[PDB]
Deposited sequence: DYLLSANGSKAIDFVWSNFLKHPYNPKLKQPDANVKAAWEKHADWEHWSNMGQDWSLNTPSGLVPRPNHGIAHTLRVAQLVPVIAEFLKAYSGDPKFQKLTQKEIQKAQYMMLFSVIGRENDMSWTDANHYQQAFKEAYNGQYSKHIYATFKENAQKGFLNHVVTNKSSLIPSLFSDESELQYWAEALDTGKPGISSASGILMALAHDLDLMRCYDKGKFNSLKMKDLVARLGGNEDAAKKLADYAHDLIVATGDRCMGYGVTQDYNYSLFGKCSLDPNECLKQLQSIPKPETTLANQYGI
């Protein structure tokens, strides 16, 4: 809803032009040999090649950088937020989700546009925990800065850069003042998360992970929590997950963790991933689900 507003359109262009259309950083593709060796001793950790995974994808429209955290992912998690808010109000049984006014939901949606602009590779928060621990184990206990947290700090810088550049359009219409803006900027620092808006943004992230989680991992680590958040209502959770799945299919993305699985549709994914307005058009063509 807010994505078609002037403020939404300008934020999409900002994150696309300054961050999301550009390649990952080759210096962050893999650990050094010592960190690799310490990492490999942890058989329960996903392999360090996670750092270099999903680097780029050839499509008929062009070579798409950061295909697993690009404009299609960004716009989908933003598009999910208002629908998730409706499901939480209808099915959670928790009155705290009545604090989700339109203005609150719009801020949460807006934040999603900035949710991956700091990335310089595709690694997860858990991957970065592993790099940091493997570094400690390889180098006599030495400290190293958490890579994923650094991504998030860089995203906060870019978010605040855009907002101050457009402050008269965004305050007080979206953020009431600089103090409220500060709280929302700090909410980009995602690592339980107990606020209504925080839960809302977290569920958008969690749903879209069906693009890159297998079914066992998605069902265990994401679906169980969503069902419980909707008051144990599995039917409602499936309606919401079906909508996330349909947004993925609408943008040509891969779907591994839920529903009718598919590899990339390279033509459609390239068209959406290289043109934010086309991506948004395809997203909005998907009907929203109904809540009882």
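K.L.:
In sequence order, which parts of the deposited sequence are missing C-alpha coordinates?
P.N.:
No coordinates exist for the deposited residues in 192 to 193, 295 to 301, so these stretches are absent from the model.
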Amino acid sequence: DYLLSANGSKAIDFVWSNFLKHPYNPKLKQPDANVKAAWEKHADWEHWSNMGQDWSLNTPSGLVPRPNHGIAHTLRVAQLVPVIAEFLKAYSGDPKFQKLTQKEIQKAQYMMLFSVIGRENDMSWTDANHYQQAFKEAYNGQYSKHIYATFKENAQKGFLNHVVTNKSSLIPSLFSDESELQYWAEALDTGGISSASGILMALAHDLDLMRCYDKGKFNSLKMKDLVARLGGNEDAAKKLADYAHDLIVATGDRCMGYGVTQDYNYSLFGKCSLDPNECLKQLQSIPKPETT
From here on, numbers count along this sequence of modelled residues.
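K.L.:
Can you let me know which of the two, 209 to 217 or 162 to 170, has the higher average C-alpha B-factor in the entry?
P.N.:
Looking at the recorded C-alpha B-factors, 162 to 170 comes out higher on average.
K.L.:
Which of the two stretches, 254 to 262 or 27 to 35, shows the higher mean Cα temperature factor in the record?
P.N.:
Per the PDB entry, the higher value belongs to 27 to 35.
K.L.:
Out of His245, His69, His42, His47, which residue has the highest Cα temperature factor in the PDB record?
P.N.:
Reading the PDB entry, the winner on C-alpha B-factor is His47.
K.L.:
By the record's CA B-factor, is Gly118 among the lowest, middle or highest third of residues in the chain?
P.N.:
Ranked within chain, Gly118 CA B lands in the lowest tercile.
K.L.:
Please place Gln106 in the lowest, middle or highest third of its chain by C-alpha B factor as given in the entry.
P.N.:
Its C-alpha B-factor, which the entry lists for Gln106, ranks in the middle third among residues of this chain.
K.L.:
Based on the deposited C-alpha B factors for this chain, I'd like to know if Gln284 is in the lowest, middle or highest third.
P.N.:
CA B-factor rank for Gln284: highest third.
K.L.:
If you rank every modelled residue in this chain by C-alpha B factor, which third holds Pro60: lowest, middle or highest?
P.N.:
CA B-factor rank for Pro60: middle third.
K.L.:
Where does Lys145 sit by CA temperature factor within its chain: lowest, middle or highest third?
P.N.:
CA B-factor rank for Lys145: highest third.
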